[PDB]
Amino acid sequence: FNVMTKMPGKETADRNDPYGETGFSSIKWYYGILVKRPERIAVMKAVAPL
Amino acid sequence: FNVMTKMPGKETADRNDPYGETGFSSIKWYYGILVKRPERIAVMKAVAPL
Amino acid sequence: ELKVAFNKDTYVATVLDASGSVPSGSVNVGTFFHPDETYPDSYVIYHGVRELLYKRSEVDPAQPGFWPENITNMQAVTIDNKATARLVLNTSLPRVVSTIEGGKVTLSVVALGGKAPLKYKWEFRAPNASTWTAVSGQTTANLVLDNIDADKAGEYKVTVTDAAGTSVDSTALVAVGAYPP
């Protein structure tokens, strides 16, 4: 998990926001799964009582 | 020449892109000329074959 | 509903009203509520044009677009406003007024918005009730209560409505001490 935050102030003030009254915090990550053996996974599906 | 380069990541992350995965590289310079004696520069014009 | 147009050459975002005529060259890019419905006193017209050109295309500011190709350079655009100024209350009613039975309480409201026929309204809630009762007669700004009785106490609320739809209100609770008859 990679987290990027920029608190308001001299770090968010730019030519589109000369004052700097905003911030954000973005978290992104890379995920993937490789299944080498589908035979080794079993799923039984059924309905359940209410 | 003046090359300014910002890598994707920390530098280029505004409101527009919170995750911040856009970089660039800009080159800019300054050129000018001064014809001190515009009599020693001669141009002869014609057409050329195919 | 302020309608925004945009000419791609001069980079002029004309913020027209709901019944404007797009300039020759500009193209409809969207609409937004200048007095934002939820947060009414936080965003300005610029804060609504930016949310409208982000979903646009540099190649042609008529088709929608997103991050890699959109109008996000907010320095070349020059917002040219032609939408009526928001109905604002320059001087609202005082929070509280308090006189004695027989005195004269006057309330005044000043509005600076956009319309020719800025019509007014007046209501009155008794201090045990739940619904507002129409104050008949007085419909022009200053409301004068002369020889005020005890029954004429409670809360008064003006309602400055412009020509098309915009309205702004402000209340003023009125108290009157009642000496024994």
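Things worth noting here:
- Ranked list, fewest to most other Cβ atoms within 10 Å of each Cβ, for C:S92, C:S19: C:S19, C:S92
- Applying a threshold of 30 Å to the alpha-carbon distances of A:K6/C:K82; C:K55/C:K121; C:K3/C:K119; C:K8/C:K82 flags A:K6/C:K82; C:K55/C:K121 as lying beyond it.
- The distance between label points at C:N28 and C:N128 comes to 5.5 nm (points 7 Å beyond Cα on the Cα→Cβ vector).
- Its relative contact order, with pairs defined as Cα atoms under 8 Å and 6+ residues apart, puts chain C at 18 percent.
- Taking all Cα pairs closer than 8 Å and separated by 6 or more residues, the relative contact order of the stretch C:19-116 comes to 18 percent.
- Going by neighbour counts of Cβ atoms within 10 Å, the residues C:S108, B:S26 line up, fewest first, as B:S26, C:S108.
- Neighbouring partner chain Cβ atoms per residue of B:13-25, average, 10 Å criterion: 5
- For the stretch C:68-82, 3J(HN,Hα) computed residue by residue from phi via the Karplus equation (6.51, -1.76, 1.60; θ = phi - 60°) reads x, 9, 7, 8, 10, 6, 8, 10, 7, 5, 10, 4, 10, 7, 10 Hz, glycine and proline entered as x.
- FRET efficiency, C:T72 to C:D146 (Cβ-Cβ, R0 41 Å, nearest 0.05): 0.10
- For C:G114, net neighbour charge (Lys/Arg +1, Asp/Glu -1) across residues whose Cβ lies under 10 Å away: 0
- Extension gain from C:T171 to C:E51, taking 0.36 nm per residue of separation minus the Cα-Cα distance: 39.8 nm
- Global size of the stretch C:1-149: 22.6, 72 Å for Rg and Dmax (C-alpha atoms, Rg to one decimal, Dmax whole).
- Ranked for footprinting exposure by Cβ neighbours inside 10 Å, fewest first, C:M74, B:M4, A:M4 give B:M4, A:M4, C:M74.
- When the P(r) of the protein assembly as shown is calculated, the portion above 35 Å amounts to 55% of the C-alpha pairs.
- Ordering of C:7-15, C:37-45 by burial proxy (mean other Cβ atoms within 10 Å per residue, highest first): C:7-15, C:37-45
- Between C:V12 and C:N7, C:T78, the built amide H atoms are under 5 Å apart, and every one of these is 5 or more places off in sequence or on another chain.
- Spatially, chain A and the stretch C:112-181 are offset by 53 Å when compared through their Cα centroids.
- Sequentially through the stretch C:168-181, phi angles give Karplus couplings (6.51, -1.76, 1.60; θ = phi - 60°) of 9, 10, 6, 10, 7, 7, 10, 10, 9, x, 10, 6, x, x Hz, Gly and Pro residues having no value and appearing as x.
- Rotationally averaged projected area of chain A (alpha carbon convex hull; nm²): 8.6 nm²
- Phi to ³J(HN,Hα) by Karplus 6.51 cos²θ - 1.76 cosθ + 1.60 over the stretch A:9-20, Hz, x for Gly, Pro: x, 7, 10, 10, 6, 8, 5, 8, 8, x, 8, x
- Cα-projected label distance for C:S136 with C:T99, points at 7 Å along beta-carbon direction, nm: 2.3 nm
Each value in this text was obtained by applying a stated rule to the coordinates, not by laboratory testing. We place every Cβ from the backbone using ideal geometry, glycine too, and count neighbours over all the protein chains shown.
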